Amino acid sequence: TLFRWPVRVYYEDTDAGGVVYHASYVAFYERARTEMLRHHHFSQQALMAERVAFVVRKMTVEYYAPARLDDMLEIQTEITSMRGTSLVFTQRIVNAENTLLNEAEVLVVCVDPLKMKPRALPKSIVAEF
């Protein structure tokens, strides 16, 4: 299943070079994973209270083309792997013409926020995903 999430580029996301700052795309990717979860009725604010959180363990991003001020982007997200305490997201960012701006592979681990120690993915989440 492919989840899509729109993102408008504002001045806060750009840098003096005249394009989106590379670390801003990282944040866009996080927003997209969060919205995918929300689509399945899961709230990370609520989950933290149950001592369930998600942290990035490894992330690789390859950049191909820039995004500029006011561009409306689309973040595409897919879960390609699910294991005991982790899952692998495959994501990409494209613009209004579907030009591939960049892509990423993100290894996310489920953890108990208080001890920051890995824990098995909740069954309720696995069931939906």
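Numbering starts at 1 and runs along the sequence shown.
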When the Cα temperature factors in the entry are averaged, is it 22-30 or 64-72 that ends up higher?
64-72
Can you let me know which of the two, 40-48 or 86-94, has the higher average C-alpha B-factor in the entry?
40-48
By the record's CA B-factor, is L114 among the lowest, middle or highest third of residues in the chain?
highest
B-factor third for the C-alpha atom of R4 within its chain:
middle
Where does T77 sit by CA temperature factor within its chain: lowest, middle or highest third?
middle
